[PDB]
$ cat work-v4.cif   # mmCIF, C-alpha atoms and all ligand atoms; chains and numbers go by the auth columns
data_work
#
loop_
_atom_site.group_PDB
_atom_site.id
_atom_site.type_symbol
_atom_site.label_atom_id
_atom_site.label_comp_id
_atom_site.label_asym_id
_atom_site.label_seq_id
_atom_site.Cartn_x
_atom_site.Cartn_y
_atom_site.Cartn_z
_atom_site.B_iso_or_equiv
_atom_site.auth_seq_id
_atom_site.auth_asym_id
ATOM 1 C CA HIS A 1 72.612 136.960 -76.872 0.00 350 A
ATOM 2 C CA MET A 2 69.801 137.494 -74.292 0.00 351 A
ATOM 3 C CA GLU A 3 71.349 134.509 -72.387 0.00 352 A
ATOM 4 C CA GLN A 4 74.868 136.097 -72.234 0.00 353 A
ATOM 5 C CA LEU A 5 73.289 139.272 -70.795 0.00 354 A
ATOM 6 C CA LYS A 6 71.152 137.249 -68.357 0.00 355 A
ATOM 7 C CA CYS A 7 74.403 135.693 -67.106 0.00 356 A
ATOM 8 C CA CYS A 8 75.861 139.238 -66.732 0.00 357 A
ATOM 9 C CA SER A 9 72.850 140.235 -64.599 0.00 358 A
ATOM 10 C CA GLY A 10 73.542 137.104 -62.480 0.00 359 A
ATOM 11 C CA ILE A 11 77.224 138.058 -62.006 0.00 360 A
ATOM 12 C CA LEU A 12 76.224 141.545 -60.917 0.00 361 A
ATOM 13 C CA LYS A 13 73.592 140.125 -58.508 0.00 362 A
ATOM 14 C CA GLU A 14 76.288 138.056 -56.820 0.00 363 A
ATOM 15 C CA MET A 15 78.552 141.148 -56.563 0.00 364 A
ATOM 16 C CA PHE A 16 75.647 142.867 -54.664 0.00 365 A
ATOM 17 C CA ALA A 17 75.107 139.835 -52.382 0.00 366 A
ATOM 18 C CA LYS A 18 75.449 139.817 -48.586 0.00 367 A
ATOM 19 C CA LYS A 19 78.364 137.315 -48.913 0.00 368 A
ATOM 20 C CA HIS A 20 80.620 139.986 -50.522 0.00 369 A
ATOM 21 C CA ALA A 21 79.235 143.108 -48.818 0.00 370 A
ATOM 22 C CA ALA A 22 82.255 143.632 -46.527 0.00 371 A
ATOM 23 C CA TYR A 23 84.407 144.559 -49.538 0.00 372 A
ATOM 24 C CA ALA A 24 81.893 145.348 -52.281 0.00 373 A
ATOM 25 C CA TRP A 25 80.057 148.255 -50.609 0.00 374 A
ATOM 26 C CA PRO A 26 82.365 151.104 -51.907 0.00 375 A
ATOM 27 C CA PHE A 27 81.374 150.001 -55.450 0.00 376 A
ATOM 28 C CA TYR A 28 77.610 149.833 -55.031 0.00 377 A
ATOM 29 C CA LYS A 29 76.926 153.487 -55.949 0.00 378 A
ATOM 30 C CA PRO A 30 78.908 156.314 -57.594 0.00 379 A
ATOM 31 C CA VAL A 31 81.913 157.460 -55.519 0.00 380 A
ATOM 32 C CA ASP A 32 80.802 160.367 -53.268 0.00 381 A
ATOM 33 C CA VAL A 33 82.998 163.107 -54.806 0.00 382 A
ATOM 34 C CA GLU A 34 81.845 165.574 -52.060 0.00 383 A
ATOM 35 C CA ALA A 35 83.483 163.461 -49.308 0.00 384 A
ATOM 36 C CA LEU A 36 86.593 164.827 -47.563 0.00 385 A
ATOM 37 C CA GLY A 37 89.714 163.678 -49.490 0.00 386 A
ATOM 38 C CA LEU A 38 87.771 163.224 -52.799 0.00 387 A
ATOM 39 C CA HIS A 39 88.092 166.814 -54.108 0.00 388 A
ATOM 40 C CA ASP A 40 90.398 165.679 -56.985 0.00 389 A
ATOM 41 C CA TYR A 41 88.449 162.527 -57.993 0.00 390 A
ATOM 42 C CA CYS A 42 86.775 164.104 -61.050 0.00 391 A
ATOM 43 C CA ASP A 43 90.046 165.586 -62.274 0.00 392 A
ATOM 44 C CA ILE A 44 91.756 162.168 -62.197 0.00 393 A
ATOM 45 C CA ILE A 45 88.873 159.834 -63.172 0.00 394 A
ATOM 46 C CA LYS A 46 87.369 160.803 -66.518 0.00 395 A
ATOM 47 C CA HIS A 47 84.796 158.012 -66.655 0.00 396 A
ATOM 48 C CA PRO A 48 83.382 157.107 -63.206 0.00 397 A
ATOM 49 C CA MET A 49 81.562 153.795 -63.030 0.00 398 A
ATOM 50 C CA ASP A 50 79.795 151.824 -60.267 0.00 399 A
ATOM 51 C CA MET A 51 77.599 148.743 -59.839 0.00 400 A
ATOM 52 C CA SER A 52 74.245 150.602 -59.709 0.00 401 A
ATOM 53 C CA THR A 53 75.073 152.386 -62.988 0.00 402 A
ATOM 54 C CA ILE A 54 75.998 149.016 -64.569 0.00 403 A
ATOM 55 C CA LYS A 55 72.678 147.528 -63.290 0.00 404 A
ATOM 56 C CA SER A 56 70.792 150.510 -64.847 0.00 405 A
ATOM 57 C CA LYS A 57 72.704 150.060 -68.128 0.00 406 A
ATOM 58 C CA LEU A 58 71.755 146.328 -68.259 0.00 407 A
ATOM 59 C CA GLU A 59 68.098 147.273 -67.589 0.00 408 A
ATOM 60 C CA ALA A 60 68.212 149.916 -70.387 0.00 409 A
ATOM 61 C CA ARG A 61 69.872 147.442 -72.865 0.00 410 A
ATOM 62 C CA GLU A 62 72.998 149.598 -73.122 0.00 411 A
ATOM 63 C CA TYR A 63 75.295 146.543 -73.499 0.00 412 A
ATOM 64 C CA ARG A 64 75.263 144.608 -76.770 0.00 413 A
ATOM 65 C CA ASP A 65 77.051 141.633 -75.217 0.00 414 A
ATOM 66 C CA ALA A 66 79.049 140.307 -72.263 0.00 415 A
ATOM 67 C CA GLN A 67 82.282 142.012 -73.426 0.00 416 A
ATOM 68 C CA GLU A 68 80.638 145.464 -73.208 0.00 417 A
ATOM 69 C CA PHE A 69 79.287 144.671 -69.715 0.00 418 A
ATOM 70 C CA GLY A 70 82.731 143.339 -68.640 0.00 419 A
ATOM 71 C CA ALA A 71 84.442 146.519 -69.900 0.00 420 A
ATOM 72 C CA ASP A 72 82.309 148.609 -67.518 0.00 421 A
ATOM 73 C CA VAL A 73 83.010 146.293 -64.562 0.00 422 A
ATOM 74 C CA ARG A 74 86.735 146.455 -65.337 0.00 423 A
ATOM 75 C CA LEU A 75 86.510 150.259 -65.781 0.00 424 A
ATOM 76 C CA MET A 76 85.118 150.455 -62.249 0.00 425 A
ATOM 77 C CA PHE A 77 88.076 148.509 -60.857 0.00 426 A
ATOM 78 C CA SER A 78 90.633 150.350 -63.008 0.00 427 A
ATOM 79 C CA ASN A 79 89.306 153.700 -61.697 0.00 428 A
ATOM 80 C CA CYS A 80 89.989 152.464 -58.164 0.00 429 A
ATOM 81 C CA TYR A 81 93.518 151.288 -59.023 0.00 430 A
ATOM 82 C CA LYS A 82 94.309 154.556 -60.872 0.00 431 A
ATOM 83 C CA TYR A 83 92.998 156.966 -58.247 0.00 432 A
ATOM 84 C CA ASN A 84 94.166 155.523 -54.950 0.00 433 A
ATOM 85 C CA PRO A 85 97.611 154.763 -53.503 0.00 434 A
ATOM 86 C CA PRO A 86 98.373 151.017 -54.026 0.00 435 A
ATOM 87 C CA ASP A 87 98.355 150.313 -50.251 0.00 436 A
ATOM 88 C CA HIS A 88 94.897 151.861 -49.716 0.00 437 A
ATOM 89 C CA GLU A 89 92.311 149.604 -48.038 0.00 438 A
ATOM 90 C CA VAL A 90 89.871 150.350 -50.922 0.00 439 A
ATOM 91 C CA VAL A 91 92.334 148.852 -53.468 0.00 440 A
ATOM 92 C CA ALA A 92 92.410 145.598 -51.437 0.00 441 A
ATOM 93 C CA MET A 93 88.553 145.648 -51.413 0.00 442 A
ATOM 94 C CA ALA A 94 88.490 146.221 -55.222 0.00 443 A
ATOM 95 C CA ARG A 95 90.825 143.186 -55.687 0.00 444 A
ATOM 96 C CA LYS A 96 88.596 140.948 -53.564 0.00 445 A
ATOM 97 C CA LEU A 97 85.550 141.976 -55.599 0.00 446 A
ATOM 98 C CA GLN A 98 87.458 141.632 -58.880 0.00 447 A
ATOM 99 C CA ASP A 99 88.307 138.018 -57.815 0.00 448 A
ATOM 100 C CA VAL A 100 84.531 137.285 -57.632 0.00 449 A
ATOM 101 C CA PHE A 101 83.912 138.926 -60.992 0.00 450 A
ATOM 102 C CA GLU A 102 86.833 137.400 -62.920 0.00 451 A
ATOM 103 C CA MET A 103 86.110 133.882 -61.735 0.00 452 A
ATOM 104 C CA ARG A 104 82.439 134.115 -62.786 0.00 453 A
ATOM 105 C CA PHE A 105 83.100 136.000 -66.009 0.00 454 A
ATOM 106 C CA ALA A 106 85.679 133.368 -67.064 0.00 455 A
ATOM 107 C CA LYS A 107 83.234 130.468 -66.318 0.00 456 A
ATOM 108 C CA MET A 108 80.028 131.945 -67.788 0.00 457 A
HETATM 109 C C1 LIG B . 89.330 157.274 -51.093 0.00 1 B
HETATM 110 N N1 LIG B . 87.935 156.907 -51.104 0.00 1 B
HETATM 111 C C2 LIG B . 87.453 156.088 -52.105 0.00 1 B
HETATM 112 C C3 LIG B . 88.143 155.708 -53.196 0.00 1 B
HETATM 113 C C4 LIG B . 87.512 154.793 -54.170 0.00 1 B
HETATM 114 O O1 LIG B . 88.162 154.409 -55.145 0.00 1 B
HETATM 115 N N2 LIG B . 86.254 154.360 -53.858 0.00 1 B
HETATM 116 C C5 LIG B . 85.600 153.411 -54.730 0.00 1 B
HETATM 117 N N3 LIG B . 85.495 154.825 -52.838 0.00 1 B
HETATM 118 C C6 LIG B . 86.052 155.627 -52.001 0.00 1 B
HETATM 119 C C7 LIG B . 85.165 156.175 -50.963 0.00 1 B
HETATM 120 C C8 LIG B . 84.662 155.343 -49.983 0.00 1 B
HETATM 121 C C9 LIG B . 83.807 155.869 -49.027 0.00 1 B
HETATM 122 C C10 LIG B . 83.453 157.206 -49.077 0.00 1 B
HETATM 123 C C11 LIG B . 83.946 158.033 -50.067 0.00 1 B
HETATM 124 C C12 LIG B . 84.806 157.515 -51.021 0.00 1 B
#
$ encode --input "work-v4.cif" --output "structure tokens"
Amino acid sequence: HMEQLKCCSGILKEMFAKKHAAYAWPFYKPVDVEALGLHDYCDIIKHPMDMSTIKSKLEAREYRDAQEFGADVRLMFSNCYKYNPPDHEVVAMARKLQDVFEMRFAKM
């Protein structure tokens, strides 16, 4: 439905909000694969995903429903959990943002 997708746009807007910015910012745009320490990112992560790409996909009607949108949000988090050591600060930030997402996605 149009309504399901409108709710998805609302979840993504909250993920971009000032309230969550302290932990959401690494997910706003594609990972900078030219940064020092990120030389192997593309060899490990086959399908990079970020919040701006998801926003563009919603705008271009690339999701048929909420499950397709949710799969891209979860892909973004799973890339973070796969690539980094489990004790990395970015993994803790991904979990805080995933808490926001899962609670809204469950209640939509
Ligand atoms: C190890 N660095 C990262 C791992 C990761 O999973 N995400 C999402 N971002 C980063 C990152 C953050 C700032 C600058 C460059 C990369």
$ residues_near_ligand --input "work-v4.cif" --ligand "ligand LIG 1 (chain B)" --cutoff "12 Å" --atoms "all atoms listed in the file" --output "number ranges by chain"
A: 372-391, 393-394, 397-400, 424-444, 446
$ closest_residue --input "work-v4.cif" --among "A:423, A:408, A:455, A:449" --to "residue 354 (chain A)" --atoms "all atoms listed in the file"
A:408
$ residues_around --input "work-v4.cif" --residues "residue 353 (chain A)" --least-positions-apart "5" --cutoff "8 Å" --atoms "only C-alpha atoms" --output "PyMOL selection string"
chain A and resi 414-415+457
$ write_last_selection --input "work-v4.cif" --atoms "C-alpha atoms" --output "PDB file, in the frame of the given file"
ATOM      1  CA  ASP A 414      77.051 141.633 -75.217  1.00  0.00           C
ATOM      2  CA  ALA A 415      79.049 140.307 -72.263  1.00  0.00           C
ATOM      3  CA  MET A 457      80.028 131.945 -67.788  1.00  0.00           C
TER       4      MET A 457
END
$ closest_residue --input "work-v4.cif" --among "A:370, A:422, A:357, A:403" --to "residue 447 (chain A)" --atoms "all atoms listed in the file"
A:422
$ closest_residue --input "work-v4.cif" --among "A:371, A:409, A:356, A:364" --to "residue 448 (chain A)" --atoms "only C-alpha atoms"
A:364
$ build_atoms --input "work-v4.cif" --residues "region 393-406 of chain A" --atoms "N, CA, C and O atoms" --output "PDB file, in the coordinates of the input"
ATOM      1  N   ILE A 393      90.916 163.324 -61.912  1.00  0.00           N
ATOM      2  CA  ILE A 393      91.756 162.168 -62.197  1.00  0.00           C
ATOM      3  C   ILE A 393      90.990 161.085 -62.965  1.00  0.00           C
ATOM      4  O   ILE A 393      91.550 160.476 -63.876  1.00  0.00           O
ATOM      5  N   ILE A 394      89.730 160.866 -62.600  1.00  0.00           N
ATOM      6  CA  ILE A 394      88.873 159.834 -63.172  1.00  0.00           C
ATOM      7  C   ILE A 394      87.916 160.461 -64.161  1.00  0.00           C
ATOM      8  O   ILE A 394      86.962 161.113 -63.765  1.00  0.00           O
ATOM      9  N   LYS A 395      88.163 160.226 -65.444  1.00  0.00           N
ATOM     10  CA  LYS A 395      87.369 160.803 -66.518  1.00  0.00           C
ATOM     11  C   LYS A 395      86.044 160.102 -66.736  1.00  0.00           C
ATOM     12  O   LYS A 395      85.085 160.709 -67.236  1.00  0.00           O
ATOM     13  N   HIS A 396      85.997 158.794 -66.419  1.00  0.00           N
ATOM     14  CA  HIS A 396      84.796 158.012 -66.655  1.00  0.00           C
ATOM     15  C   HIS A 396      84.425 157.198 -65.408  1.00  0.00           C
ATOM     16  O   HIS A 396      84.693 155.991 -65.337  1.00  0.00           O
ATOM     17  N   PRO A 397      83.772 157.834 -64.419  1.00  0.00           N
ATOM     18  CA  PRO A 397      83.382 157.107 -63.206  1.00  0.00           C
ATOM     19  C   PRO A 397      82.411 155.991 -63.565  1.00  0.00           C
ATOM     20  O   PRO A 397      81.645 156.079 -64.540  1.00  0.00           O
ATOM     21  N   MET A 398      82.477 154.909 -62.807  1.00  0.00           N
ATOM     22  CA  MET A 398      81.562 153.795 -63.030  1.00  0.00           C
ATOM     23  C   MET A 398      81.344 153.071 -61.714  1.00  0.00           C
ATOM     24  O   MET A 398      82.266 152.988 -60.912  1.00  0.00           O
ATOM     25  N   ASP A 399      80.140 152.531 -61.513  1.00  0.00           N
ATOM     26  CA  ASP A 399      79.795 151.824 -60.267  1.00  0.00           C
ATOM     27  C   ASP A 399      78.760 150.732 -60.572  1.00  0.00           C
ATOM     28  O   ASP A 399      78.143 150.746 -61.654  1.00  0.00           O
ATOM     29  N   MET A 400      78.496 149.873 -59.620  1.00  0.00           N
ATOM     30  CA  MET A 400      77.599 148.743 -59.839  1.00  0.00           C
ATOM     31  C   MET A 400      76.152 149.122 -60.101  1.00  0.00           C
ATOM     32  O   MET A 400      75.485 148.441 -60.888  1.00  0.00           O
ATOM     33  N   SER A 401      75.650 150.200 -59.456  1.00  0.00           N
ATOM     34  CA  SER A 401      74.245 150.602 -59.709  1.00  0.00           C
ATOM     35  C   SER A 401      74.100 151.156 -61.120  1.00  0.00           C
ATOM     36  O   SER A 401      73.075 150.918 -61.758  1.00  0.00           O
ATOM     37  N   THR A 402      75.100 151.873 -61.614  1.00  0.00           N
ATOM     38  CA  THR A 402      75.073 152.386 -62.988  1.00  0.00           C
ATOM     39  C   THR A 402      75.089 151.209 -63.957  1.00  0.00           C
ATOM     40  O   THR A 402      74.320 151.194 -64.926  1.00  0.00           O
ATOM     41  N   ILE A 403      75.931 150.194 -63.703  1.00  0.00           N
ATOM     42  CA  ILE A 403      75.998 149.016 -64.569  1.00  0.00           C
ATOM     43  C   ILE A 403      74.638 148.300 -64.565  1.00  0.00           C
ATOM     44  O   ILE A 403      74.163 147.886 -65.639  1.00  0.00           O
ATOM     45  N   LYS A 404      74.006 148.143 -63.389  1.00  0.00           N
ATOM     46  CA  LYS A 404      72.678 147.528 -63.290  1.00  0.00           C
ATOM     47  C   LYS A 404      71.683 148.322 -64.153  1.00  0.00           C
ATOM     48  O   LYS A 404      70.927 147.708 -64.917  1.00  0.00           O
ATOM     49  N   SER A 405      71.686 149.655 -64.045  1.00  0.00           N
ATOM     50  CA  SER A 405      70.792 150.510 -64.847  1.00  0.00           C
ATOM     51  C   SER A 405      71.062 150.359 -66.339  1.00  0.00           C
ATOM     52  O   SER A 405      70.109 150.351 -67.154  1.00  0.00           O
ATOM     53  N   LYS A 406      72.343 150.234 -66.731  1.00  0.00           N
ATOM     54  CA  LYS A 406      72.704 150.060 -68.128  1.00  0.00           C
ATOM     55  C   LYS A 406      72.209 148.701 -68.642  1.00  0.00           C
ATOM     56  O   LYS A 406      71.663 148.643 -69.752  1.00  0.00           O
TER      57      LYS A 406
END
